[PDB]
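Numbering (the entry's author numbering), first residue to last: 4100 to 4190, 4198 to 4237.
For each residue, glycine too, the CB sits at the ideal point set by N, CA and C.
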Amino acid sequence: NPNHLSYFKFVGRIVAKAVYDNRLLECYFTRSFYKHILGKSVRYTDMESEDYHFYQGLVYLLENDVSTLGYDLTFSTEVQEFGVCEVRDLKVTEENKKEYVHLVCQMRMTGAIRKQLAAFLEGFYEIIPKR
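Below, the structure is given as structure tokens:
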């Protein structure tokens, strides 16, 4: 839909309108999306439901030595957004991976939805103050 961002801004407005009216919607958004509307980072355990084999990959990165991979990785990943696939930088080491799993989960959740998200957040904060 070429206007989809506008409809996501509409639904953010309608959610904030439901909150203003104090009326319950049958929305059941992910903890990731509720965190985005609250401005909280997601956590890697959220990936288990969204992309189990990518969660499993991050869990194989956690509590395992990088030497188990047998080839190197860096802070860059291939992401499909809007049907275009692009390799994007995220900013590997024993110190960096703690951030990689946080940041890689940020990229995987928001990258493909960042423009829908910015429209929804504009609709929400238009009616319900972020703070």
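Residue i (DSSP reduced to helix, strand or coil)
i, result
"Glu4125", "coil"
"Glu4201", "coil"
"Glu4162", "coil"
C-alpha gap between residue i and residue j, whole angstroms
i, j, result
"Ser4140", "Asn4100", "28 angstroms"
"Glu4205", "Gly4182", "27 angstroms"
"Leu4172", "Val4178", "15 angstroms"
"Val4110", "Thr4144", "27 angstroms"
"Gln4222", "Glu4180", "11 angstroms"
"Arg4214", "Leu4124", "27 angstroms"
"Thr4199", "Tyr4119", "47 angstroms"
Short Cβ contact (9 angstroms threshold) for residue i with residue j
i, j, result
"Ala4115", "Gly4229", "yes"
"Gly4217", "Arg4187", "yes"
"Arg4142", "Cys4184", "no"
Residues bridged to residue i (per DSSP)
i, result
"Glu4177", "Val4186"
8 angstroms CB neighbourhood of residue i in its chain, flanking five on each side removed
i, result
"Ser4175", "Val4186, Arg4187, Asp4188 and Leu4189"
Contact with chain B by residue i, beta-carbon distance below 9 angstroms
i, result
"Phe4132", "Absent from the structure: chain B. Only one protein chain is present."
Other residues of its chain near residue i: CB distance less than 7 angstroms, five sequence neighbours each side excluded
i, result
"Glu4147", "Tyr4154"
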